[PDB]
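A.B. asks: Structure below; questions to follow.
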């Protein structure tokens, strides 16, 4: 049986004061009857208004990135600043940061370990590109990603870790992942965790699907054996995120 | 003589809610008798708090970085988000972003042009490393950096632009810039702007000193013909920043 599901909203680099206020108001008025942890990952600029306006008992707030420590890093936000700011969840290693902003397997791993050490809950992202998948390298690429993370964690740290699998290979390329393709990837990840870190860790670990999800396909995805929720992109800026939440029943 | 001076506080990746609150209170309580534009560049997280609490009429708020466009750039903040948030000043091209976060001369130039196009006042940072200076390339590097920015600007855009010269060769290297070395760098920049953009633009341009300062040497630095103020790092998290403001009278 599954651990507690998670419905995470990755707003990415998006939003206005008005549009996210209206979104938060919808979230606040939504009845959620089952046990699910909901997460809103806003831009740094919008954390203050999200802290103030978001009140639903099943929602927490997350950052989309950080660096490990404060100092002479103009433009960046550190873990201690987020902690001082009351933000205790964080998304790390997003495919966009791996692609655009120099985050190697090892850089992601150090950020994840630093965030767990500071007391964060971490949604750590992995996932293979279209070249990697077609070339038959899905397993080695995705499991190398998570192994790099695992090499920097104690067994106890996995209690604070959530995995989001991003099927980068489908996004923007014109592909759409089937629930069986998603389940195949999640089962591969969980089997590696079971073998290399422990069956007990693997049974408790939440693995979120991070491809394109809507209110329709989310229920069918969550029915799969190794899907513990969603790390949602574009749909999390829209009212249908509510239906994605309800799909984790 | 000189155009209006600027005293900018680059807080870099630093600050708690309490410690920055106490700093803003000090700024709010400071009497500033001369014409100077003071600027507070906080982390993205602290922008809301600074907007609410900063009240001194000679102060504005700035961001430390941005990307040009909203979209699928997890972890980043865009210029439309900052503009929507009421932030109208921005530091771009800081040496730490050029070193750590992939910002080439061209990437800095594109960010500066996008910010100028969006209405921002921009503090665009240039300056050479110790290795560049020691190999005799101070002038080549500084002029290459500003030429790349100028390439993406029209003459009228310079009204929105401020240049900050960072003696990166003196940033934790063991070296210390003298006022004569700063002035030579500032004069070189002025000379290029006058010859390539216009003598009118050059006379109106603010070229800020972005190396280490205290009250005493800031007063000496402001005596130099081509220094129009300061883009301060570590002193700007301290009460001493008020003495740097005073050094521009």
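Here Swiss-Prot sets the residue numbers for chain B, with the shown residues being 2-250 in order.
Determined by X-ray crystallography, 2.0 Å, according to the entry header.
Yeah, the Cβs are placed from backbone N, Cα and C, and that goes for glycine too.
Per Swiss-Prot, active site, electrophile is recorded for B:95. The annotation active site, proton acceptor is assigned in Swiss-Prot to B:167. Marked as substrate binding site by Swiss-Prot: B:11, B:13.
Where in this structure would I find these features, and how exposed are they?
C.D. replies: Take the CB of residue B:95 (active site, electrophile) and look out to 10 A: across all protein chains shown you find 31 other CB atoms. For the recorded site, residue B:95 (active site, electrophile), the DSSP three-state label reads coil.
For the recorded site, residue B:167 (active site, proton acceptor), the DSSP three-state label reads coil. Sequence-distant contacts of residue B:167 (active site, proton acceptor), defined by Cβ-Cβ distance under 8 angstroms and a gap of at least six in the same chain, are B:95, B:96, B:126, B:127, B:128, B:211, B:212, B:232.
Around residue B:11 (substrate binding site), a 10 Å sphere centred on its CB holds 28 further CB atoms from the protein chains shown.
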A.B. asks: Could you check what DSSP calls residue B:13 (substrate binding site) once collapsed to helix, strand or coil?
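C.D. replies: Going by the DSSP assignment, residue B:13 (substrate binding site) belongs to neither helix nor strand, so it counts as coil.
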A.B. asks: What is the number of other Cβ atoms found within 10 Å of the Cβ of residue B:13 (substrate binding site)?
C.D. replies: 25
A.B. asks: Select from the recorded positions B:11, B:95, B:167: which have any Cβ-Cβ contact with chain A shorter than 8 Å?
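C.D. replies: Out of B:11, B:95, B:167, B:11, B:95 lie under 8 Å of chain A.
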